[PDB]
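Each remark here refers to the structure printed beneath this line.
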Amino acid sequence: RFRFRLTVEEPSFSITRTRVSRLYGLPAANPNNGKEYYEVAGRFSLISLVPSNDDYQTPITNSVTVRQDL
Amino acid sequence: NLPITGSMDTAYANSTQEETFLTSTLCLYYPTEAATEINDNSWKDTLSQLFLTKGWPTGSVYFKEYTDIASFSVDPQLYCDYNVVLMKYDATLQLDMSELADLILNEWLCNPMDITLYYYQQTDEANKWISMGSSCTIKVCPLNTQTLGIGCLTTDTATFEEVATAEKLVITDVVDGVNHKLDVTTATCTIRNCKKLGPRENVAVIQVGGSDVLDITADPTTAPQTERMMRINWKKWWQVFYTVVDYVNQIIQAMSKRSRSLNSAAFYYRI
Amino acid sequence: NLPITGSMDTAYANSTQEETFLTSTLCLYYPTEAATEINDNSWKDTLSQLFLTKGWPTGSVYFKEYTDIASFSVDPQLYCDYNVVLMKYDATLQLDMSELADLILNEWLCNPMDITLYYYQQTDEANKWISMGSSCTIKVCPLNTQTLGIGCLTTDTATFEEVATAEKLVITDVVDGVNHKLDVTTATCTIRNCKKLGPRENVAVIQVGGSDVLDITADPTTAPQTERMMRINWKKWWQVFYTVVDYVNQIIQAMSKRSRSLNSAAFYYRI
Amino acid sequence: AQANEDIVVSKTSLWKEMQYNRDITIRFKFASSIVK
Ligand SMILES: *[C@@H]1O[C@H](CO)[C@@H](O)[C@H](O)[C@H]1NC(C)=O
Ligand SMILES: *[C@@H]1O[C@H](CO)[C@@H](O)[C@H](O)[C@H]1NC(C)=O
Ligand SMILES: [Ca+2]
Ligand SMILES: [Ca+2]
Ligand SMILES: [Ca+2]
Ligand SMILES: [Ca+2]
Ligand SMILES: [Ca+2]
Ligand SMILES: [Ca+2]
Ligand SMILES: [Ca+2]
Ligand SMILES: [Ca+2]
């Protein structure tokens, strides 16, 4: 889990033909701006306690049937 | 290599200068501005005849031209049994010329550095990173035990520590025993991990003008001027070549045969 | 050249093949059609890697290409310590093959000839006239003891006797002790008076396809076929190169170091 | 050292400690919920 703090940049979100403008932040309307993804390069170093044999496998896939009441 | 036992009473042999001149080749490296100022298409032949007056057989003296120090520093290829490099002095290139000397006045055992896959460190004082190309911009990011970076982020090349920019040759010396992430323009640069084995005896560098600024050793406490680092004041290139020709015996005396067994791929001009 | 005294009980040294490969180099000469049929942009690299499997360090084996026998015959320069020339067999170019083999398998001591000014004669059987260039056309007019042509007119060059026409390399062997007037196209080919000193032990010629037709001696009574003149059958060039690589040990065994001291400074590779 | 090493810092009969150092290209995306 990589955590990011935020600093608003020069572009300002505003609803055209409306009385809301010069407002800083990033709305949830179209955050992606049509981009297929936001790419950031990272590097991580960690120490993990793992079984000695490199043949064991933790379950990865799932079969989820939660929120039956929902 | 075997022990050599010699008696201090042994008689001196006759001068071997004539024999070595007869059985060896001399390479002279000069800047193109020398040819420009001389302005003669037969000056090679004239210098060859003068060297013949000095003793060298016709055709044993090879004249090689380089545009400038920066261009010459891109993988210099020294061919003859004896190499003399007439290096013009520039106050703005004191390091660069020094670097060039450090590359041609010493023997280097070099291996490739594929920095994209490995993080490299310098094990001892002899180890350096020699980068050569058209444009060598080398940024360094020292790493820690977790290989993450000190004062630098491995991912962000902007935060890296700048050690070279737009260089044709650069010798990089970082702190030993520390792994560094390296960012170099591999398209226009090749970086090699090199160990200096010792002096290269068959290469002499004559600095044309200026003062003593050469430092072929990274150690700040030593700036040794070997006999192969000459320096002559000048105003005309014809005088420079005349003094090179006249004192050729002195120049060769300061030089010795290479004596190293190589494994690389370079042509040579030999008799 | 001092006498060497040896005992018939001295213990054999170990094989020098490994150190010889590590300290020598191999130049392989092939025709253009070889690379044309191979049709690969890195066959040199894979051949070098195969040679490394055979022992030779990387960058030691050199690959030189020539258009054909005739073009290669014009002043061939052999660089490496060991040279192997793959010569394709053409039934119509037997004498040209023999002349190339004679030139590169033997050591020659040559001097210039001024055919315009002085008459020339061949002292002994080891003396020949080697003419090479873009096009060599040599006509000969033998003279008598009164320097008058025999069956030819000194003034009229049409009466001369034609011994070469449009050749790129030709070895002329005329009757010894007779002075000849030579008409040579000096504007397109140079003729040199040469003496055969001995064999060139660092040059092997592999005749690709054909039969044994090489004759490196002007004597009609000798067709030596020395151990440095190999012959192989072929259909594909890749098989030829694989045979050369696999048996490079035998090929080098058939060759010895040049051992001749040269008074001319030329370009070579030497590791 | 390498950009993608797999180092060992301890090992036992059934368990071990693996030090993984890796470069990654985190490609993420936003999801917007619209209720009208
Ligand atoms: C050395 O020089 C001396 C004095 O000229 C001369 O007599 C001698 O022959 C030369 N050669 C040798 C091998 O001593
Ligand atoms: C030579 O070969 C022998 C036997 O294979 C081996 O013991 C020895 O170390 C080799 N080298 C020398 C210098 O004898
Ligand atoms: Ca520099
Ligand atoms: Ca920084
Ligand atoms: Ca260092
Ligand atoms: Ca220093
Ligand atoms: Ca011919
Ligand atoms: Ca006639
Ligand atoms: Ca003859
Ligand atoms: Ca014969």
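Every chain in the structure tokens has a letter given in the order shown (A, B, ...), and although residue numbers restart at 1 in each chain, ligands are simply numbered from 1 in the order shown.
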Using only C-alpha atoms, determine which residues of chain B fall within 9 Å of chain D; present them as a PDB file with N, CA, C and O atoms, in the first residue's frame.
```
ATOM      1  N   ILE B 115      24.441  -1.073 -16.469  1.00  0.00           N
ATOM      2  CA  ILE B 115      23.882  -0.449 -15.277  1.00  0.00           C
ATOM      3  C   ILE B 115      22.381  -0.671 -15.150  1.00  0.00           C
ATOM      4  O   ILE B 115      21.840  -0.579 -14.043  1.00  0.00           O
ATOM      5  N   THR B 116      21.687  -0.955 -16.252  1.00  0.00           N
ATOM      6  CA  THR B 116      20.244  -1.152 -16.178  1.00  0.00           C
ATOM      7  C   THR B 116      19.869  -2.377 -15.354  1.00  0.00           C
ATOM      8  O   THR B 116      18.759  -2.427 -14.814  1.00  0.00           O
ATOM      9  N   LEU B 117      20.765  -3.361 -15.240  1.00  0.00           N
ATOM     10  CA  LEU B 117      20.481  -4.589 -14.511  1.00  0.00           C
ATOM     11  C   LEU B 117      21.208  -4.697 -13.180  1.00  0.00           C
ATOM     12  O   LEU B 117      20.767  -5.467 -12.322  1.00  0.00           O
ATOM     13  N   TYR B 118      22.297  -3.955 -12.984  1.00  0.00           N
ATOM     14  CA  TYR B 118      23.134  -4.096 -11.803  1.00  0.00           C
ATOM     15  C   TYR B 118      23.434  -2.735 -11.196  1.00  0.00           C
ATOM     16  O   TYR B 118      23.492  -1.720 -11.894  1.00  0.00           O
ATOM     17  N   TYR B 119      23.626  -2.732  -9.880  1.00  0.00           N
ATOM     18  CA  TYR B 119      24.127  -1.576  -9.151  1.00  0.00           C
ATOM     19  C   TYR B 119      25.593  -1.824  -8.826  1.00  0.00           C
ATOM     20  O   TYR B 119      25.947  -2.899  -8.330  1.00  0.00           O
ATOM     21  N   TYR B 120      26.437  -0.837  -9.100  1.00  0.00           N
ATOM     22  CA  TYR B 120      27.880  -1.020  -9.092  1.00  0.00           C
ATOM     23  C   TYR B 120      28.525  -0.253  -7.946  1.00  0.00           C
ATOM     24  O   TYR B 120      28.008   0.769  -7.486  1.00  0.00           O
ATOM     25  N   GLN B 121      29.665  -0.767  -7.489  1.00  0.00           N
ATOM     26  CA  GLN B 121      30.463  -0.126  -6.456  1.00  0.00           C
ATOM     27  C   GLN B 121      31.933  -0.241  -6.830  1.00  0.00           C
ATOM     28  O   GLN B 121      32.331  -1.113  -7.605  1.00  0.00           O
ATOM     29  N   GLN B 146      19.317  -1.366   1.910  1.00  0.00           N
ATOM     30  CA  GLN B 146      18.096  -1.805   1.247  1.00  0.00           C
ATOM     31  C   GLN B 146      18.034  -1.371  -0.211  1.00  0.00           C
ATOM     32  O   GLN B 146      17.007  -1.585  -0.863  1.00  0.00           O
ATOM     33  N   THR B 147      19.102  -0.773  -0.735  1.00  0.00           N
ATOM     34  CA  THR B 147      19.175  -0.350  -2.132  1.00  0.00           C
ATOM     35  C   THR B 147      18.006   0.569  -2.484  1.00  0.00           C
ATOM     36  O   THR B 147      17.157   0.251  -3.319  1.00  0.00           O
ATOM     37  N   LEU B 148      17.975   1.728  -1.824  1.00  0.00           N
ATOM     38  CA  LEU B 148      16.891   2.683  -2.021  1.00  0.00           C
ATOM     39  C   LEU B 148      17.410   4.070  -2.376  1.00  0.00           C
ATOM     40  O   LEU B 148      16.770   4.790  -3.147  1.00  0.00           O
ATOM     41  N   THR B 154      15.811   6.270  -6.409  1.00  0.00           N
ATOM     42  CA  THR B 154      16.260   5.439  -7.523  1.00  0.00           C
ATOM     43  C   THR B 154      15.416   5.678  -8.767  1.00  0.00           C
ATOM     44  O   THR B 154      15.932   5.665  -9.890  1.00  0.00           O
ATOM     45  N   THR B 155      14.114   5.895  -8.586  1.00  0.00           N
ATOM     46  CA  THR B 155      13.233   6.084  -9.731  1.00  0.00           C
ATOM     47  C   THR B 155      13.438   7.448 -10.375  1.00  0.00           C
ATOM     48  O   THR B 155      13.506   7.555 -11.605  1.00  0.00           O
ATOM     49  N   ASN B 179      27.180   0.916  -2.918  1.00  0.00           N
ATOM     50  CA  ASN B 179      26.498   0.642  -4.173  1.00  0.00           C
ATOM     51  C   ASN B 179      25.803   1.901  -4.674  1.00  0.00           C
ATOM     52  O   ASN B 179      25.143   2.608  -3.907  1.00  0.00           O
ATOM     53  N   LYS B 181      23.306   3.571  -7.867  1.00  0.00           N
ATOM     54  CA  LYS B 181      22.520   3.505  -9.089  1.00  0.00           C
ATOM     55  C   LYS B 181      23.045   4.547 -10.068  1.00  0.00           C
ATOM     56  O   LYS B 181      23.198   5.721  -9.716  1.00  0.00           O
TER      57      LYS B 181
END
```
Region 25-36 of chain A environment, 7 Å, only C-alpha atoms, sequence neighbours closer than 3 positions dropped, as a list in words: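 Contacts, in chain order: residues 8, 12 and 13 of chain A; 29, 30 and 32 of chain D.
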Point-to-point distance from CA of residue 128 (chain B) to CA of residue 192 (chain B), Å rounded to tenths: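 Taking CA of residue 128 (chain B) as the start and CA of residue 192 (chain B) as the end point, the length is 8.4 Å.
Using only C-alpha atoms and all ligand atoms, residues with at least one atom at most 10 Å away from any atom of ligand 7 are residues 69, 70, 71, 73, 74, 93, 94, 95, 96, 97, 98, 99, 100, 131, 132, 135, 136, 164, 165, 166, 167, 168, 169, 170 and 171 of chain C.
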Residues within 8 Å of residue 16 (chain D), only C-alpha atoms, excluding chain neighbours under 6 positions, as a ChimeraX atom specification: /A:49-52 /D:8-10
Backbone DSSP call of strand (DSSP E or B) for region 151-267 of chain C, listed as a PyMOL selection string: chain C and resi 161-172+180-184+189-199+203-208+229-232+266-267
Would you put the residues from that selection into a file with N, CA, C and O atoms, as a compact mmCIF listing (two decimals), in the first residue's frame?
```txt
# COMPACT_ATOMS: atom_id res chain seq x y z
N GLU C 161 56.98 -9.29 -77.15
CA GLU C 161 56.29 -10.55 -76.87
C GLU C 161 55.44 -10.38 -75.63
O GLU C 161 55.94 -10.02 -74.56
N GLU C 162 54.14 -10.66 -75.76
CA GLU C 162 53.18 -10.43 -74.69
C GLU C 162 53.21 -11.60 -73.71
O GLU C 162 53.00 -12.75 -74.10
N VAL C 163 53.47 -11.29 -72.44
CA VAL C 163 53.44 -12.30 -71.37
C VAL C 163 52.31 -12.06 -70.38
O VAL C 163 51.99 -12.98 -69.61
N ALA C 164 51.70 -10.88 -70.37
CA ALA C 164 50.56 -10.63 -69.50
C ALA C 164 49.64 -9.62 -70.16
O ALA C 164 50.10 -8.69 -70.83
N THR C 165 48.33 -9.81 -69.98
CA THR C 165 47.32 -8.91 -70.54
C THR C 165 46.22 -8.71 -69.52
O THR C 165 45.55 -9.67 -69.12
N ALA C 166 46.03 -7.46 -69.09
CA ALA C 166 44.92 -7.07 -68.21
C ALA C 166 44.93 -7.82 -66.89
O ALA C 166 43.90 -7.89 -66.21
N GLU C 167 46.06 -8.39 -66.50
CA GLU C 167 46.13 -9.14 -65.25
C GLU C 167 46.17 -8.19 -64.06
O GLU C 167 46.72 -7.08 -64.13
N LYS C 168 45.57 -8.62 -62.95
CA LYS C 168 45.67 -7.89 -61.70
C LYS C 168 46.89 -8.31 -60.89
O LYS C 168 47.40 -7.51 -60.09
N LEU C 169 47.36 -9.54 -61.08
CA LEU C 169 48.62 -9.99 -60.51
C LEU C 169 49.22 -11.00 -61.48
O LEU C 169 48.50 -11.88 -61.97
N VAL C 170 50.51 -10.87 -61.76
CA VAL C 170 51.19 -11.85 -62.60
C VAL C 170 52.65 -11.93 -62.19
O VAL C 170 53.31 -10.90 -61.95
N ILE C 171 53.16 -13.15 -62.12
CA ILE C 171 54.56 -13.44 -61.84
C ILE C 171 55.21 -13.80 -63.17
O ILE C 171 54.88 -14.83 -63.77
N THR C 172 56.14 -12.96 -63.62
CA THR C 172 56.84 -13.17 -64.88
C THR C 172 58.18 -13.84 -64.59
O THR C 172 58.96 -13.37 -63.75
N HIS C 180 66.21 -7.90 -70.82
CA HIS C 180 64.94 -7.70 -71.52
C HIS C 180 64.53 -6.24 -71.44
O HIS C 180 64.76 -5.57 -70.44
N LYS C 181 63.91 -5.76 -72.52
CA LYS C 181 63.19 -4.49 -72.49
C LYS C 181 61.72 -4.77 -72.20
O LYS C 181 61.09 -5.58 -72.89
N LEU C 182 61.19 -4.12 -71.18
CA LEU C 182 59.84 -4.39 -70.69
C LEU C 182 58.91 -3.24 -71.06
O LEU C 182 59.22 -2.08 -70.80
N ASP C 183 57.78 -3.58 -71.67
CA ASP C 183 56.69 -2.64 -71.93
C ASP C 183 55.57 -3.00 -70.97
O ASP C 183 54.91 -4.03 -71.13
N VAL C 184 55.35 -2.14 -69.98
CA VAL C 184 54.35 -2.37 -68.94
C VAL C 184 53.48 -1.12 -68.83
O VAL C 184 53.98 0.00 -68.96
N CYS C 189 49.63 -0.22 -63.32
CA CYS C 189 50.15 -1.41 -62.68
C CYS C 189 51.64 -1.23 -62.43
O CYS C 189 52.33 -0.62 -63.25
N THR C 190 52.12 -1.76 -61.31
CA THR C 190 53.51 -1.63 -60.91
C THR C 190 54.18 -3.00 -60.95
O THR C 190 53.62 -3.98 -60.46
N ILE C 191 55.38 -3.05 -61.53
CA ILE C 191 56.18 -4.26 -61.64
C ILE C 191 57.38 -4.12 -60.71
O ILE C 191 58.07 -3.09 -60.72
N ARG C 192 57.63 -5.15 -59.91
CA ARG C 192 58.71 -5.16 -58.93
C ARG C 192 59.58 -6.39 -59.15
O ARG C 192 59.08 -7.49 -59.40
N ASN C 193 60.89 -6.18 -59.06
CA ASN C 193 61.85 -7.28 -59.16
C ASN C 193 61.99 -7.92 -57.79
O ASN C 193 62.43 -7.27 -56.83
N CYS C 194 61.60 -9.19 -57.67
CA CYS C 194 61.50 -9.85 -56.38
C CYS C 194 62.33 -11.13 -56.36
O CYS C 194 62.60 -11.75 -57.40
N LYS C 195 62.73 -11.51 -55.15
CA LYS C 195 63.43 -12.76 -54.89
C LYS C 195 62.67 -13.54 -53.84
O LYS C 195 62.26 -12.98 -52.82
N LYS C 196 62.46 -14.83 -54.10
CA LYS C 196 61.78 -15.72 -53.16
C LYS C 196 62.76 -16.11 -52.06
O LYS C 196 63.73 -16.83 -52.31
N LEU C 197 62.50 -15.65 -50.83
CA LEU C 197 63.37 -15.99 -49.71
C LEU C 197 63.02 -17.36 -49.15
O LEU C 197 63.90 -18.19 -48.92
N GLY C 198 61.73 -17.61 -48.92
CA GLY C 198 61.28 -18.85 -48.33
C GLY C 198 59.78 -18.86 -48.15
O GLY C 198 59.07 -17.99 -48.63
N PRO C 199 59.27 -19.87 -47.43
CA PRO C 199 57.82 -19.96 -47.24
C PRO C 199 57.31 -19.01 -46.17
O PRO C 199 57.99 -18.73 -45.18
N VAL C 203 50.61 -18.32 -43.26
CA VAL C 203 49.53 -18.17 -44.23
C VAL C 203 49.20 -19.55 -44.78
O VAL C 203 50.03 -20.17 -45.46
N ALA C 204 47.98 -20.02 -44.51
CA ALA C 204 47.46 -21.25 -45.08
C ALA C 204 46.36 -20.91 -46.07
O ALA C 204 45.59 -19.96 -45.85
N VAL C 205 46.30 -21.66 -47.16
CA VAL C 205 45.30 -21.46 -48.20
C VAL C 205 44.44 -22.71 -48.27
O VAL C 205 44.96 -23.82 -48.49
N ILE C 206 43.14 -22.54 -48.07
CA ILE C 206 42.17 -23.63 -48.15
C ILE C 206 41.43 -23.47 -49.47
O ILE C 206 40.68 -22.52 -49.66
N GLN C 207 41.66 -24.41 -50.39
CA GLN C 207 41.02 -24.40 -51.69
C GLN C 207 39.65 -25.05 -51.56
O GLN C 207 39.54 -26.25 -51.26
N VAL C 208 38.60 -24.26 -51.77
CA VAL C 208 37.23 -24.71 -51.60
C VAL C 208 36.76 -25.31 -52.92
O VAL C 208 36.61 -24.60 -53.92
N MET C 229 48.67 -25.92 -47.76
CA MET C 229 47.77 -25.82 -48.91
C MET C 229 46.74 -26.93 -48.76
O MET C 229 46.95 -28.05 -49.24
N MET C 230 45.63 -26.62 -48.12
CA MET C 230 44.56 -27.58 -47.89
C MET C 230 43.53 -27.49 -49.01
O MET C 230 43.48 -26.51 -49.75
N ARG C 231 42.71 -28.53 -49.12
CA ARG C 231 41.62 -28.55 -50.08
C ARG C 231 40.42 -29.24 -49.45
O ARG C 231 40.57 -30.28 -48.79
N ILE C 232 39.23 -28.67 -49.65
CA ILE C 232 38.00 -29.22 -49.12
C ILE C 232 36.92 -29.20 -50.19
O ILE C 232 36.95 -28.39 -51.12
N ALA C 266 54.13 -1.62 -41.65
CA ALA C 266 52.79 -1.80 -42.20
C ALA C 266 51.80 -1.96 -41.05
O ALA C 266 52.17 -2.00 -39.88
N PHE C 267 50.52 -2.07 -41.41
CA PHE C 267 49.46 -2.21 -40.43
C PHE C 267 49.17 -3.69 -40.18
O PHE C 267 48.96 -4.45 -41.13
```
Surroundings of ligand 10 up to 8 Å, based on only C-alpha atoms and all ligand atoms, as a PyMOL selection string: chain C and resi 215-224
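With a cut-off of 8 Å and using only C-alpha atoms and all ligand atoms, the polymer residues contacting ligand 4 are residues 141, 150, 151, 152, 153, 158, 159, 160 and 161 of chain B.
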Go ahead and save the picked residues with N, CA and C atoms, as a PDB file, in the first residue's frame.
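Resulting contents of again_27.pdb:
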```pdb
ATOM      1  N   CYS B 141      23.479   7.939  -7.848  1.00  0.00           N
ATOM      2  CA  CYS B 141      22.599   7.915  -6.681  1.00  0.00           C
ATOM      3  C   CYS B 141      23.137   6.866  -5.713  1.00  0.00           C
ATOM      4  N   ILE B 150      20.435   7.452  -1.039  1.00  0.00           N
ATOM      5  CA  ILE B 150      20.762   8.438  -0.016  1.00  0.00           C
ATOM      6  C   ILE B 150      20.762   9.804  -0.684  1.00  0.00           C
ATOM      7  N   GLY B 151      19.883  10.691  -0.222  1.00  0.00           N
ATOM      8  CA  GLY B 151      19.714  11.974  -0.877  1.00  0.00           C
ATOM      9  C   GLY B 151      19.283  11.863  -2.318  1.00  0.00           C
ATOM     10  N   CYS B 152      18.682  10.739  -2.694  1.00  0.00           N
ATOM     11  CA  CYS B 152      18.293  10.484  -4.070  1.00  0.00           C
ATOM     12  C   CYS B 152      17.243   9.385  -4.075  1.00  0.00           C
ATOM     13  N   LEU B 153      16.408   9.395  -5.107  1.00  0.00           N
ATOM     14  CA  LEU B 153      15.372   8.390  -5.300  1.00  0.00           C
ATOM     15  C   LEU B 153      15.723   7.596  -6.549  1.00  0.00           C
ATOM     16  N   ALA B 158      16.009  12.848 -11.708  1.00  0.00           N
ATOM     17  CA  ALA B 158      16.241  14.264 -11.444  1.00  0.00           C
ATOM     18  C   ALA B 158      16.964  14.467 -10.118  1.00  0.00           C
ATOM     19  N   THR B 159      16.585  13.704  -9.091  1.00  0.00           N
ATOM     20  CA  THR B 159      17.202  13.848  -7.778  1.00  0.00           C
ATOM     21  C   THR B 159      18.600  13.249  -7.710  1.00  0.00           C
ATOM     22  N   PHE B 160      19.029  12.516  -8.735  1.00  0.00           N
ATOM     23  CA  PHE B 160      20.356  11.924  -8.728  1.00  0.00           C
ATOM     24  C   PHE B 160      21.419  13.008  -8.566  1.00  0.00           C
ATOM     25  N   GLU B 161      22.627  12.570  -8.232  1.00  0.00           N
ATOM     26  CA  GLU B 161      23.758  13.464  -8.033  1.00  0.00           C
ATOM     27  C   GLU B 161      24.546  13.538  -9.334  1.00  0.00           C
TER      28      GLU B 161
END
```
Shell of 9 Å around ligand 2 (only C-alpha atoms and all ligand atoms), written as a PyMOL selection string: chain C and resi 13-15
Distance-based interface of chain A with chain B, 7 Å, counting only C-alpha atoms, as a list in words: residues 41, 42, 43 and 45 of chain A
I need the chosen residues saved as a short mmCIF file (atom, residue, chain, number, x, y, z; two decimals), in the first residue's frame, with C-alpha atoms.
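What ended up in result.cif:
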```
data_model
loop_
_atom_site.label_atom_id
_atom_site.label_comp_id
_atom_site.auth_asym_id
_atom_site.auth_seq_id
_atom_site.Cartn_x
_atom_site.Cartn_y
_atom_site.Cartn_z
CA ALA A 41 7.76 4.49 -11.13
CA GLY A 42 8.54 3.01 -7.73
CA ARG A 43 11.09 0.84 -5.95
CA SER A 45 12.77 -3.18 -0.49
#
```
Environment of ligand 9 within 10 Å, counting only C-alpha atoms and all ligand atoms, reported as an MDAnalysis selection string: chainID C and resid 121:129 172:178 218:219
With N, CA and C atoms kept, could you save the residues just selected as a PDB file, in the first residue's frame?
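Once written, again_18.pdb looks like this:
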```pdb
ATOM      1  N   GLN C 121      67.229  -8.101 -66.046  1.00  0.00           N
ATOM      2  CA  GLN C 121      67.401  -9.535 -66.214  1.00  0.00           C
ATOM      3  C   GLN C 121      67.169 -10.213 -64.872  1.00  0.00           C
ATOM      4  N   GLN C 122      66.824 -11.494 -64.931  1.00  0.00           N
ATOM      5  CA  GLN C 122      66.582 -12.298 -63.742  1.00  0.00           C
ATOM      6  C   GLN C 122      67.845 -13.090 -63.426  1.00  0.00           C
ATOM      7  N   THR C 123      68.388 -12.883 -62.225  1.00  0.00           N
ATOM      8  CA  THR C 123      69.687 -13.457 -61.887  1.00  0.00           C
ATOM      9  C   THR C 123      69.625 -14.978 -61.815  1.00  0.00           C
ATOM     10  N   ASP C 124      68.655 -15.518 -61.080  1.00  0.00           N
ATOM     11  CA  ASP C 124      68.590 -16.951 -60.833  1.00  0.00           C
ATOM     12  C   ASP C 124      67.131 -17.385 -60.782  1.00  0.00           C
ATOM     13  N   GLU C 125      66.922 -18.665 -60.463  1.00  0.00           N
ATOM     14  CA  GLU C 125      65.576 -19.226 -60.456  1.00  0.00           C
ATOM     15  C   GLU C 125      64.699 -18.614 -59.374  1.00  0.00           C
ATOM     16  N   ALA C 126      65.291 -18.123 -58.287  1.00  0.00           N
ATOM     17  CA  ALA C 126      64.518 -17.499 -57.223  1.00  0.00           C
ATOM     18  C   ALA C 126      64.091 -16.078 -57.560  1.00  0.00           C
ATOM     19  N   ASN C 127      64.575 -15.518 -58.665  1.00  0.00           N
ATOM     20  CA  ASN C 127      64.268 -14.151 -59.059  1.00  0.00           C
ATOM     21  C   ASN C 127      63.107 -14.153 -60.044  1.00  0.00           C
ATOM     22  N   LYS C 128      62.091 -13.343 -59.758  1.00  0.00           N
ATOM     23  CA  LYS C 128      60.919 -13.201 -60.607  1.00  0.00           C
ATOM     24  C   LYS C 128      60.560 -11.725 -60.710  1.00  0.00           C
ATOM     25  N   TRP C 129      59.592 -11.418 -61.574  1.00  0.00           N
ATOM     26  CA  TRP C 129      59.050 -10.065 -61.684  1.00  0.00           C
ATOM     27  C   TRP C 129      57.565 -10.120 -61.358  1.00  0.00           C
ATOM     28  N   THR C 172      56.138 -12.964 -63.621  1.00  0.00           N
ATOM     29  CA  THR C 172      56.845 -13.168 -64.875  1.00  0.00           C
ATOM     30  C   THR C 172      58.181 -13.838 -64.594  1.00  0.00           C
ATOM     31  N   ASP C 173      58.429 -14.940 -65.298  1.00  0.00           N
ATOM     32  CA  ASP C 173      59.662 -15.715 -65.205  1.00  0.00           C
ATOM     33  C   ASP C 173      60.246 -15.809 -66.610  1.00  0.00           C
ATOM     34  N   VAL C 174      61.291 -15.034 -66.869  1.00  0.00           N
ATOM     35  CA  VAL C 174      61.944 -15.024 -68.160  1.00  0.00           C
ATOM     36  C   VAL C 174      63.269 -15.769 -68.048  1.00  0.00           C
ATOM     37  N   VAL C 175      63.909 -16.009 -69.193  1.00  0.00           N
ATOM     38  CA  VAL C 175      65.179 -16.724 -69.195  1.00  0.00           C
ATOM     39  C   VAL C 175      66.208 -15.918 -68.420  1.00  0.00           C
ATOM     40  N   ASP C 176      66.924 -16.590 -67.523  1.00  0.00           N
ATOM     41  CA  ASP C 176      67.891 -15.912 -66.675  1.00  0.00           C
ATOM     42  C   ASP C 176      69.151 -15.565 -67.459  1.00  0.00           C
ATOM     43  N   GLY C 177      69.787 -14.464 -67.062  1.00  0.00           N
ATOM     44  CA  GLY C 177      71.012 -14.016 -67.682  1.00  0.00           C
ATOM     45  C   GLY C 177      70.830 -13.227 -68.958  1.00  0.00           C
ATOM     46  N   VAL C 178      69.595 -13.029 -69.408  1.00  0.00           N
ATOM     47  CA  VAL C 178      69.299 -12.270 -70.616  1.00  0.00           C
ATOM     48  C   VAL C 178      68.653 -10.956 -70.206  1.00  0.00           C
ATOM     49  N   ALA C 218      57.840 -22.104 -60.007  1.00  0.00           N
ATOM     50  CA  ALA C 218      57.948 -21.979 -61.455  1.00  0.00           C
ATOM     51  C   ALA C 218      58.600 -23.194 -62.095  1.00  0.00           C
ATOM     52  N   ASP C 219      59.307 -24.005 -61.320  1.00  0.00           N
ATOM     53  CA  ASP C 219      59.932 -25.197 -61.869  1.00  0.00           C
ATOM     54  C   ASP C 219      58.856 -26.134 -62.409  1.00  0.00           C
TER      55      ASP C 219
END
```
Within 12 Å of residue 22 (chain C) using only C-alpha atoms, minus same-chain residues under 6 positions, as a PyMOL selection string: (chain B and resi 261-264) or (chain C and resi 16+51-52+54-61+81+270-271)
Minimum-distance residue to chain D, chosen among A:24, A:7, A:1, A:17 (using only C-alpha atoms):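 Going through A:24, A:7, A:1, A:17 one by one, the smallest distance to chain D is for A:1.
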For region 31-34 of chain C: contacts at 10 Å, only C-alpha atoms, fewer than 2 positions along chain excluded, given as a ChimeraX atom specification: /C:29,36-39,64-69,72,85-88,236-238,240-241
Residue with smallest distance to chain C - pool B:251, B:245, B:103, B:27, counting only C-alpha atoms: B:27
DSSP-assigned alpha helix (DSSP H) members of region 31-264 of chain C, reported as a PyMOL selection string: chain C and resi 32-38+43-54+69-72+94-105+237-246+248-253
Atomic separation - atom 1 (Ca, counted along the ligand's line) of ligand 6 relative to CA of residue 227 (chain B), Å: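 According to the coordinates, CA of residue 227 (chain B) and atom 1 (Ca, counted along the ligand's line) of ligand 6 are separated by 16.4 Å.
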Non-local contacts of residue 53 (chain A) (12 Å; only C-alpha atoms; under 6 positions in same chain excluded) as a ChimeraX atom specification: /D:11-18
